[PDB]
Structure formats: C-alpha cells, structure tokens
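Structure, as structure tokens:
Just so it is clear, the values below take in all heavy atoms, side chains as well, and ignore hydrogens, waters and symmetry mates. First the proteins, then the strands, lettered A, B, ... as listed; each starts at 1.
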Amino acid sequence: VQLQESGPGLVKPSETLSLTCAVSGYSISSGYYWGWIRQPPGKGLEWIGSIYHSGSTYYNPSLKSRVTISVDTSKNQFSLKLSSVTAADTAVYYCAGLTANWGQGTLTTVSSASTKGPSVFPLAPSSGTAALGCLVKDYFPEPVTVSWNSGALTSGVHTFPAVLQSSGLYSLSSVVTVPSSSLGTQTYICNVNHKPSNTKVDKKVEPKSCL
Amino acid sequence: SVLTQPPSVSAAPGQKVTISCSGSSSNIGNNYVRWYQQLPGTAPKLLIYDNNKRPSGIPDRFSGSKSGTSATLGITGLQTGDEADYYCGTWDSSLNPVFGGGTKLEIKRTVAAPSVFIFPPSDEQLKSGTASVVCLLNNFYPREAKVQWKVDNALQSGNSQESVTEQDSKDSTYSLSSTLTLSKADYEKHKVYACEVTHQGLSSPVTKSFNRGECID
C-alpha cells in the first residue's frame, strides 16, 4: 500500500489549493476512510477532513466552508480542495487512510512571491579528512532535495535547513566529509532537485587550485 | 494543536524518558490515545495505539499508558536514532482526531569538539556579482556554538545567517553552516576572511581563515 501526494508547491493568496493522493496497491472503495492532515513548518499536526466508506464527509469545523474532499474511483485517487487560501495555509499536507497509511507529505506555500529556480555553486575542497559541498542559492519556494553521487554517497553527508535571505529567496548548503586521499580519484556530484520550478542540476565538485 | 506536551525531553544513551500528554475530559478523558514518532523529513509513524498497544514492527522499548485526562509515552534503552519529534493524539467530543504540539527528544551524548572548515566563494559565483563565504562546524556536541566573522579584522554583525542539522542518526552530534554574504565589489576590497568558532569542547576559540586571491577554479 502506497500513498503519494501531488500538487503545486506555490499558491497565490485568495486562490484555491488543489491536491491529489494517488493510492497504489489498494482499492480506494475498500478503505475505511481517506483524509488529509497538515503541519505548518515547525509546528504540530492539524486534521483537515475525512471521507468515509459511504462517501460521507466530515471536515474540521474551522475549515469546513473552504474544504472539499472527493474520490476518483477510476484514477484510484482522492483529492483536497481548499478555497480562499492565505499564508496561514502554508504547511506540509499529508494524505492518509485506513485499510493507517500516511503519504510522504507535500509542502504548499501560500505567497504572492513567484517561483524561482536555484543556482548551484560548488563548495570546493582545499587545504586526513576533507570537507566539500554544494551551495544551492536563491530559489523559491521550498523545498529542494540534495543527494550525492546519485544516492551512492550517504555516509558523512549533512544537508542543512534552508535559510530565508532578506531578499525573500531561500539558500541551502549540503556538505560531506571524505578521505583527503580520494580527492584526486573519486568524483563527487551533488544532485539538486527543485520541483516547484522543475529544475534539476547535477554539479561536479572539484578540488580548488589553492596557493 | 489541542493537547499539551513539553517542548523537549532529554537523557543519555541507555536511559529512560517519559513524555506527557495533557488534554481534557472530553478528549483523552473519554477516548483512546495514540502516539507517533516523526523523524526529520518523514511522515509521523505510529508507535502506540489504544493507549498501550504496539503495532507490528515497534520494539517493546516503547510503551504507553493513560490516567484520567493525561497520557504518557515511555522509551527505555535510548539509542542514537531515537532523536525525533513525538506526538500524542486522540479524538475530541465530536470523535474527530486531535493532536499534541509535539516533543523533541534529545540524546545526551558526550562532549564533542567541532571540526572547522572554511570555503572561499567560487569564481563561478563571483561572476554572478555576489560572494558567499561558508564556514562549516562539523559533528559537535552539545548544540551551543558561537560563530564570529571577521573581515580584515572587522567584526561582521548582521550580514551572516546560520542553520543547524538535527542530531545525527549515527553519532548524535550536530553540525552547523554559517554563510557570510558580500557583494562582489565589497569582496574585492578586502584580503583576510576569517571564521572564529567557540564551543565547550574547545580549550580556546578556533579560527579558520583565507586570503582573497589564494585559490583558483
């Protein structure tokens, strides 16, 4: 059983948020209930609503007039419609259901700012452990994902929380420590993905010529 | 968030912690309590249901109980990797789900001094008109750390930002990244760029620095 959210990373204020949850490995009409729960950044969980076996819906009373939850039996998905959104609706949205199974969650940002793809700069190693990394700068909105060597390199990796610059754009760094002896033989590539702007970059990080 | 949890709890490896969850008679008072573990970047995972029942896959290090309008999560034999946000949940009087604000668990490992690295801006970025200088503080404990930037011995105040990782799943340490941002023109007006680090595990402050023009490519 797999649940997978899909939807925009960015929504303008007063518009309608629209999300879908693809259910794999299970029939949606065989489910006890299907629902949505959200989590504002750095905060706790808040239940939005659920649709049950009969199709009967129950919504969070503070959100009721803005929420619609329905089911697509042919696509084997259910959805969430949240109208008239404001910055207060910025959160990670999870779909869930009882066969409970949770999805990965998808971050939705409500902002009047626009989508912007990142630039990727190397944090190149130089003068028995060396540190290196990638600076993922000036993007909007969150999130970005970073891996190293297409997943093959995980030990010693630290991908930091993004910081909101005063420009209104996010910046993030991802580093890794490796043996110094490997700098001349091992290739290190950071894999950067910014789905809101549909931007993917594979950046090779090479030792600096320092003197 | 409806239920009340403490912001954080902490103890050493192998020890036990308990996490409290306070509600009222209309929720926890009348209804079952469940618990979740949320590791950074992941969805909450069910640890306890029906007050004290463990789902398949959850070790008996985790336990739950309920007394009146409060519930309690117990975690014995604390391990690195147990660091997470923990949530209690129940149903209100309308039988709708409600949740606590969460509790972050910290593992109290031994003091570890940070390894410090500094990165000059890339020529590539310099062509884009800006210079980001990055200082890395790697695998230290505890969290408290002080990073001070100096440019030609001038203390930098207000033009840097930092962020910290969560405790590492393998050694329970933190890491910190600090970025000093200058315009290209400003960057080319100075020589010495230095990051000075203060931490409990260091007998005296450590400084890593470079001179503009030492590195290429």
Side-chain angles (χ1 to χ4, degrees), chain A residues 5-13 15 17-19 36-48 60 62-63 66 80 82 85-96 102-116 118 136-146 158-174 193-197, chain B residues 1-8 36-45 83-89 97-106 143 161-167 174 176-177 179:
Chain A
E5 300 83 343
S6 280
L10 174 60
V11 176
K12 306 298 179 187
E15 292 184 350
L17 177 157
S18 183
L19 291 174
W36 295 87
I37 305 171
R38 70 182 177 180
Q39 184 174 30
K43 304 223 287 184
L45 302 162
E46 180 185 32
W47 174 74
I48 299 164
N60 189 313
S62 70
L63 300 171
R66 299 197 293 125
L80 175 67
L82 181 65
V85 296
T86 70
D89 295 312
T90 297
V92 166
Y93 285 75
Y94 296 96
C95 61
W102 294 60
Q104 81 154 31
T106 179
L107 178 64
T108 305
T109 300
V110 183
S111 179
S112 61
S114 300
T115 294
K116 183 184 180 304
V136 185
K137 190 161 178 290
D138 294 339
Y139 62 92
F140 195 88
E142 289 256 62
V144 291
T145 63
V146 185
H158 299 301
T159 299
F160 295 91
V163 294
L164 185 57
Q165 303 162 110
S166 52
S167 60
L169 298 173
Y170 288 96
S171 184
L172 171 150
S173 69
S174 174
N193 193 351
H194 185 241
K195 288 162 186 171
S197 73
Chain B
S1 171
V2 178
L3 316 167
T4 301
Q5 312 178 221
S8 59
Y36 298 88
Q37 182 193 58
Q38 190 183 35
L39 305 166
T42 71
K45 187 177 74 166
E83 299 101 329
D85 292 325
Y86 291 87
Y87 296 87
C88 58
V98 286
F99 303 95
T103 300
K104 180 169 290 298
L105 167 63
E106 172 181 352
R143 196 179 186 277
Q161 294 185 291
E162 61 178 44
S163 72
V164 183
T165 56
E166 298 296 317
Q167 278 187 285
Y174 303 93
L176 183 152
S177 169
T179 301

Sub-4.5 Å side-chain heavy-atom contact between A:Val110 and A:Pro13 = yes
Taking everything shown except A:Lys116 itself, do over 12 heavy atoms lie less than 6.0 Å from its NZ?
-> yes
Between A:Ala113 and A:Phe140 the two heavy atoms that sit nearest each other are CB-CE2, 3.8 Å
Determine the sole option in B:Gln37, B:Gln5, B:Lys104, B:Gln38 for which the side chain to side chain donor-acceptor pair (under 3.5 Å) test with B:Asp85 is passed.
-> B:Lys104
Would you please name every residue forming a side-chain hydrogen bond (donor to acceptor under 3.5 Å, both in side chains) with B:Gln161, sequence neighbours left out?
-> none
Taking the side chain as every heavy atom from C-beta outward, state whether A:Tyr170 and A:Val144 have any atom pair closer than 4.5 Å.
-> no
Less than 4.5 Å apart, any side-chain heavy atom of B:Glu106 and any of B:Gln167?
-> yes
Taking the side chain as every heavy atom from C-beta outward, state whether A:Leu17 and A:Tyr93 have any atom pair closer than 4.5 Å.
-> yes
If you take all heavy atoms of B:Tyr87 and B:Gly101, which pair is closest and at what distance?
-> CE2-O, 3.5 Å
Residues in side-chain hydrogen bond (donor to acceptor under 3.5 Å, both in side chains) contact with A:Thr159, at least two apart in sequence or another chain | A:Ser174
For A:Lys12, does the NZ atom sit with more than 12 other heavy atoms under 6.0 Å from it, leaving out its own atoms?
-> yes
Are A:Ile48 and A:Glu46 close enough that some pair of their side-chain heavy atoms sits under 4.5 Å apart?
-> no
Heavy atoms only: give me the nearest A:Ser18-A:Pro8 pair and the separation to one decimal.
-> O-CD, 3.3 Å
Where do A:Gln165 and A:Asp138 land on the side-chain contact (heavy atoms from CB on, under 4.5 Å) test, with the steps shown first?
-> CA-CA 8 Å; A:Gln165 303 162 110; A:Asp138 294 339; 3.0 Å; yes
B:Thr179 vs A:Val163 side-chain heavy atoms within contact, under 4.5 Å = no
With A:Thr115 via side chain to side chain contact (heavy atoms under 4.5 Å, CB included) - residues at least two apart = A:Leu10, A:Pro141, A:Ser197
What closest approach, in Å, do B:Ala43 and A:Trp102 show between heavy atoms, and which atom pair accounts for it?
-> CB-CB, 4.0 Å
The side-chain contact (heavy atoms from CB on, under 4.5 Å) partner of A:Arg38 among A:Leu82, A:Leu80, A:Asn60 is A:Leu82
Nearest-0.5 Å distance, OH of residue B:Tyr36 to SG of residue B:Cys88 = 10.5 Å
Test item: A:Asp89 and A:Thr108 side chains (from C-beta on) under 4.5 Å apart, heavy atoms = no
A:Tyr94 and A:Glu5 have their tightest heavy-atom pair at CA-OE2, 3.4 Å
Scanning both residues in full, the closest heavy-atom pair of B:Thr165 with B:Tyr174 reads O-CD2, 3.5 Å
Flag, side chain of B:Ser163 to backbone of A:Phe160, donor-acceptor distance under 3.5 Å = no
